[PDB]
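Student: Pasting a structure below so you can have a look.
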There are 4 protein chains.
Amino acid sequence: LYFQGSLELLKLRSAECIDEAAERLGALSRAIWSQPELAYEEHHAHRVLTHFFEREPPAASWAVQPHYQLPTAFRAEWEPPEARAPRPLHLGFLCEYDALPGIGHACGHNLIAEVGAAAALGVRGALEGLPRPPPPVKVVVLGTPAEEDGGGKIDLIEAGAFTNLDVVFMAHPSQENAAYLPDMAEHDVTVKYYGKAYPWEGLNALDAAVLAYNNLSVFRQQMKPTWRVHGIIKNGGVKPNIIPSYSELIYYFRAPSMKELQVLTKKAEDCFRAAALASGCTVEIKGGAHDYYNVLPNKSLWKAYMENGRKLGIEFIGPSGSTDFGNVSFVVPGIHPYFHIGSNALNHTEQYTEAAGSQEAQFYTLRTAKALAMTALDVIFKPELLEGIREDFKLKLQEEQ
Amino acid sequence: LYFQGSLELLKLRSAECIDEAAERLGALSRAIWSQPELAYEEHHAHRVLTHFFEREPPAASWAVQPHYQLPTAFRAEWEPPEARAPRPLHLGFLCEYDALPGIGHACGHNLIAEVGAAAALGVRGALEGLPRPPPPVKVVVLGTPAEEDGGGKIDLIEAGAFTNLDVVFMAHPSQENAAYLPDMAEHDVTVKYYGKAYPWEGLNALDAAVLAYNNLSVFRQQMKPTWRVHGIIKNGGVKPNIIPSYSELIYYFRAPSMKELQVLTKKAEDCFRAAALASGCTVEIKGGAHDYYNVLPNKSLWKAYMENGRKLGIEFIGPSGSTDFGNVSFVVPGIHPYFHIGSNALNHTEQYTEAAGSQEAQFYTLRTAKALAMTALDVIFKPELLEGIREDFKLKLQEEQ
Amino acid sequence: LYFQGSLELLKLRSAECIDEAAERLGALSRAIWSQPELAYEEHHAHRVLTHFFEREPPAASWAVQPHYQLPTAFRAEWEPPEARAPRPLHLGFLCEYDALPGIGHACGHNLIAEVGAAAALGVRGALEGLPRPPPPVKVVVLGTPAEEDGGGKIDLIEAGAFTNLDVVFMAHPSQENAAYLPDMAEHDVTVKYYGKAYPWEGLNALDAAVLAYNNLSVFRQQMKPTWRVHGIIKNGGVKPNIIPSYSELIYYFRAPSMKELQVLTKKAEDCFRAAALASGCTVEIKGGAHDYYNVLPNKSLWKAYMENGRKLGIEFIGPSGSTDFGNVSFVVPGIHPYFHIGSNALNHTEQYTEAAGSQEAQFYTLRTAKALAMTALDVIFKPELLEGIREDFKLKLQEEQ
Amino acid sequence: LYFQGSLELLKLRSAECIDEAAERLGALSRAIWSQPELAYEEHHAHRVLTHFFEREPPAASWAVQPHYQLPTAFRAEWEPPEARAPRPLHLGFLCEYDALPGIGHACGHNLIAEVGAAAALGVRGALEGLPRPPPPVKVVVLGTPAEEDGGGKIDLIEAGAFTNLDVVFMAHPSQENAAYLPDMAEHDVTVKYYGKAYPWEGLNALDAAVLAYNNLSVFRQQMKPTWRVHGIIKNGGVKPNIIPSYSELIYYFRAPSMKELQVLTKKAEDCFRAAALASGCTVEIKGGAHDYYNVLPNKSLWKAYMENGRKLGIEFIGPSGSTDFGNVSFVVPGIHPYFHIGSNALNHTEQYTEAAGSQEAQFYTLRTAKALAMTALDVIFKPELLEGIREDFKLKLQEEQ
Ligand SMILES: N[C@@H](Cc1c[nH]c[nH+]1)C(=O)O
Ligand SMILES: N[C@@H](Cc1c[nH]c[nH+]1)C(=O)O
Ligand SMILES: N[C@@H](Cc1c[nH]c[nH+]1)C(=O)O
Ligand SMILES: N[C@@H](Cc1c[nH]c[nH+]1)C(=O)O
Ligand code: NA
Ligand code: NA
Ligand code: NA
Ligand code: NA
Ligand SMILES: [Zn+2]
Ligand SMILES: [Zn+2]
Ligand SMILES: [Zn+2]
Ligand SMILES: [Zn+2]
Ligand SMILES: [Zn+2]
Ligand SMILES: [Zn+2]
Ligand SMILES: [Zn+2]
Ligand SMILES: [Zn+2]
């Protein structure tokens, strides 16, 4: 309540500290939105975000590590400069910023960078505005490039960037406010067929591509209704007067779990290899470098986030049904809420790029950032919540194993 | 020429002996045409043909063996009753008589029985009307049922009925007069798919049938243009509300040689097994009991037959592109000429049944029978022709091996 | 409460009246379960159910109409014999009883007949055990044959059997207790292709069936994930040596609404007609006599039923995702709850036939019948519930239009 | 015979005049073979061939028209400079020279240019070496670019280049010597599908391409065995995460006649439009600018050419089963013999490029050129042959109409 230094007063300070930084946070959003960059090519966004945390007053109070493990990734850390002779809490906030080809930031990833920077700013301000000994906490900001292709979070996982985080937060703009939305696991694959080019002495690799297409097509009747299979024939011949000795298909499969994705992938391999057997061609089946994991929910973290958004005016009920945050949620307890930004346009469409950079979207972005910061304060000052977050994380991890 | 007992005079007697038997040979044709019977069910035709050779005067001069190896097959033999203390010539004439379902004798097999009986009658009469010692010859008539399905000639081959024949003759009515027409090799197959019948827990055997159909369909572009593949989906499900756990296809393949038929059959097996792999079903691939061989030609026998038909007024240029006579031609030198019967209708059509039983067809049938009988006389009295027939048979046999 | 003639006391009497009839209701179940009969062939079940209501004491107090509109359908009615010089309430209870081929009553329809007869018995006993003037109510039992094929309820709808009913009740055994489960709309179709049977002069009707199969197969990627399409190739040729001039497919489509089912059906027609265009065959597309409607829920009726089952010990969370009760729910407000019967077996499986006729299933059947009877008493004595049932019915009807 | 100025002596002079020019004709072949150029890009070959006829002694005795109608086409004409106050004979010889991409002159078109230039040289020398009045003849050489793609002869036909020719000659190197080989008619087509890119709101243009492929594939069973259909999927999608709204196929069809090609093309259009109907996409079907005609034979011209090659030592028994000479043969009586060049390699293969430029091929090229020149002399001095050539041309033209 009104009591001296209550948790309610700290959550207020975090909201006021975000409102005070509304101007430069909006400039951060515009800087990324105006210069859209693709996966692993976000050099300007990396410059903009690293400079942002460097200039945060007092300068160098955020320990910033540019080019952290990836050329466009970065890492910024803050803790209250104090000690007393007992493990500190590590709270992580992620910033995405890569855009889509041709249409710009049609996923509103400029707002994801803004909302992750704002939440970390609000947490520090709430702890800064605390007298007495502040509890041991380290605020960690991680710039994770290449969400839309590659999986920069996975590259960071392989570098050990998430091994010492206790909780991780981010948020993603969408069409409705939901503390959790089902993002599925994904496996990418490239299929190449090789034949030999008098057509009686011919192995038709284009036949193999079409037969593979037919094999998967009739299989759709027996897929679990939650499964997804989409693919194209990238290469289906060059000239009609020569038997195509080469064909190439590119597919990706999605299932709500790693176990179900393995069954779907084996079923697809059977379809690809059957096309080789029927056509006489040889086949190479090459999976992508990284499989995307489904996002594990965290019940305790979820319920605490919803209670904070309710006080803020958020009414609760994604874009791509898979994200590399799923790999993160498998190693660190996290939440990935989606938030409405004042538009009816769909993600990955041109009209969403308009909404992502609009002035109307800034209110919804900064409001959701406030909810993330207050939820982070909840974990800091409620040990029973932190244990409940860990129990929910351990239980969910056993089922998915 | 006019000389006492010339080969020209013997060929005339064979023609006169056939003309004299025109009445009862036509009755033989009508008896089979009027009561059409299917493969291995030709009990009446067997009765009619056995009685025919039994009543040939003097009675029992034809040694007739009814129910020879097959219930509806038979065997009739004649030789001049004389000896002198040096291997005799065995000349075979085949009679087919099985009809087609529904449309009757749309292949004119009633005329095949007539033409084989007439040729053997003409040969005996030409030798009967010879004074002095007649050369050692045995005229053998073989009733071969089930040409249109099963291959009764093959059943007779397995009984050793052709192991002591030197030359074999028959003729088949068609649309044009040709001393030889390309009949191909054939392999029949029945394909059965087995799945398991909540459709996510389903193996769709109907998918396997359709995928097998697609696999063979695109393969048609790479088949040799002389190859043929035809098939049906005999069983493709029973009720739509149950995943079909069983499917059944029936196919036959044709190629001009045994070697090429093996390549086509292996290619088809790959298509059938690929459908099993793509659908998850198991597959049984069951070939027919008998493969049909292509008909080997005999150049010497061919040229001698054409020279005899030319003197008779026949002008030279089939129904099913495969016949069990091909298996016979592989073990005995033979000819299988086709002859026009005064009709434009196609074989295996209702309007050919009309032509096969017409009065107009009797002249063309008895004329071709005359050509067969004279050709048989050529082999009897020209040792240089018999050796040339055997050399052509040995050479053709090596290529097809 | 304990008050003289409370609604709570009437619900108790209905439960006691059902418990008293447990013996003969179980005999009713066994009589139908032991002699399984198919759609429109349920002559014995019709005899058993009509005799049941005739012998209910005092005899002829149930006005029974055998062979009502359908040969195996029936109608039984009861009202308190009294008047006073104001429209009476008509409450309907449905009895299903047709079984499945081969596996018997694998849907537990013997229990559906029992539960509908028991609920109507319990309502009459609760009203019988009421002194003073009883409110004007007519209990109507309708025997609806051919649920699993045909749609006997639709035949009864066309006879006007539901035009004077205010509320209608039934229940269906399943795996879990749910006051409502999504049953979809369904449209059946039979597709026939006609060609012309020298294969160059051939229209292949089997090609049309396979091409239609392929057209629908690739369409599955673009169907709404709630849609369902299942079909078979009933006729795909007779002999491989003749081009198939005829083919036949049987399909059914399911969508959660009539509007969505029309879009799916037009899309399928495009696939069927495209196969005709590609093959050159003509096509006949014949829809089933009756389309099945999706089941409209009724919120007020639903919530009242759940509150009654809770007092009975039922814990709340189908077989065929479509039923002719959906057509009934479109013209009369109704509920179609599913109830667990002590088994893990799935509907339409052999092991569910075991559960449907077991002694263990009688407790769950009679318990759910008690819940139906108490819910019927709620409608009789709560005018605010009846109006709320009608408002929910009118609102739901506008959306589905 | 030996008589003063016999036709036999003129044919000898034509052979001696070709033998004398063997050196510079071989240089002509090497100049084109060493610098392979593609359709309509044969600038160097045009320079080489125009300069060849310009430098033929006496210079400018060949009236050469460079850049004739096409940039790389040309025209050279010679006649004996004399008059007398009765229509002259126009004899045409064609030179091809365009090569194949990547593999060079794998069709030996360098030899086609050489053989057409040599035959025209031999004819002029035979007429030059004639005293007295020479009959009125004009030797016309036409450079026809872009045989392997485009049809430069057709461009020349549209300019009227063949309207005043009486007979036309060329020759094409192959594997065996044949005065005529069946080259078929050809029709090219490009098929484009347009859809609309939430996959439930999607028209899949890749489905249209695959369905079109399946439609044509099953059609192969019913094509006439002389027909040919080959095609590729040039564009079958770009990224798997977007429904392909565009697809592109490229096909060509071949039939032995224009009438049969029209039936095959309509059947293919039905397959392409059916894919549009099944997928919901719109389709554009665009045929090539020029259809290729089948080559009409000329019996009289054929028999005269074979009699000349026999005297030369040629023993008689193509690459692409269609050529733009077929369009020429439809408007001018012509022959297009194929000739062996000392190699077993196949046309359009790398090893044929080796043979085309070898020293071994020069003897066979110059020998066939001698046969063309003598055949041209036959037409000049046998009026009964010229009339027979025209009667055969008129009769063959009526059947193909
Ligand atoms: N198929 C998507 C999946 C995805 C990952 N991140 C965003 N989208 C891709 O191309 O990467
Ligand atoms: N496929 C044909 C082949 C044949 C053999 N004999 C006559 N026809 C069959 O059913 O037997
Ligand atoms: N497809 C099912 C649908 C159904 C209606 N009732 C029960 N099941 C049928 O054959 O009728
Ligand atoms: N399909 C061949 C046909 C052809 C014409 N000339 C030579 N080849 C082409 O691409 O042109
Ligand atoms: Na600011
Ligand atoms: Na007689
Ligand atoms: Na009782
Ligand atoms: Na020279
Ligand atoms: Zn995105
Ligand atoms: Zn995104
Ligand atoms: Zn036949
Ligand atoms: Zn036959
Ligand atoms: Zn059922
Ligand atoms: Zn049921
Ligand atoms: Zn070429
Ligand atoms: Zn060429």
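Every chain in the structure tokens takes a letter, A first, then B, and so on in the order presented; its residues are numbered from 1, and the ligands are numbered from 1 following the presented order.
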Compute the set of protein, DNA and RNA residues whose minimum atom distance to ligand 1 is at most 6 Å, using only C-alpha atoms and all ligand atoms, and state it as a VMD selection string.
Tutor: (chain A and resid 147 to 149 320 322 to 323) or (chain D and resid 241)
Student: Taking only C-alpha atoms and all ligand atoms into account, which residues have an atom no farther than 12 Å from ligand 10? I'd like them as a count of residues only.
Tutor: 46
Student: Distance limit 8 Å, reference ligand 7, atoms considered: only C-alpha atoms and all ligand atoms. Which residues make the cut? Give them as a list in words.
Tutor: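 Within the 8 Å cut-off, the matching residues are residues 20, 21, 22, 23, 24 and 25 of chain C.
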Student: One decimal, Å: what's the distance from CA of residue 53 in chain A over to CA of residue 136 in chain A, could you say?
Tutor: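 Computing it gives 21.0 Å between the two atoms.
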Student: Could the residues of chain B within 9 Å of chain A, counting only C-alpha atoms, be given as a count of residues only, please?
Tutor: 35
Student: Give me, as a PyMOL selection string, all polymer residues having an atom no more than 12 Å from residue 255 in chain A, counting only C-alpha atoms and skipping those fewer than 5 positions away in the same chain.
Tutor: chain A and resi 182-187+223-229+260-265+291-295+321-322
Student: Just give me the gap between CA of residue 163 in chain D and CA of residue 38 in chain D in Å, one decimal is fine.
Tutor: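 That distance, rounded to one decimal, is 27.2 Å.
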Student: Please identify the helix (DSSP H, G or I) residues within range 153-369 of chain C (assignment by DSSP from backbone atoms) and present them as number ranges by chain.
Tutor: C: 153-158, 205-222, 258-279, 299-312, 325-329, 350-356, 360-369
Student: Neighbours of range 67-74 of chain D within 9 Å (only C-alpha atoms; same-chain residues fewer than 6 positions away dropped), as JSON, numbers by chain?
Tutor: {"D": [40, 41, 42, 43, 44, 45, 46, 47, 49, 50, 141, 142, 143, 144, 145, 152, 155, 156, 159, 161]}
Student: Hey, can you check how far CA of residue 300 in chain C sits from CA of residue 388 in chain C?
Tutor: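 Separating CA of residue 300 in chain C from CA of residue 388 in chain C is a distance of 6.0 Å.
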Student: So that I can see what lies close to residue 62 in chain B, please list as a PyMOL selection string the residues with an atom at most 9 Å from it, counting only C-alpha atoms and leaving out residues fewer than 6 positions away in the same chain.
Tutor: chain B and resi 53-56+76-79
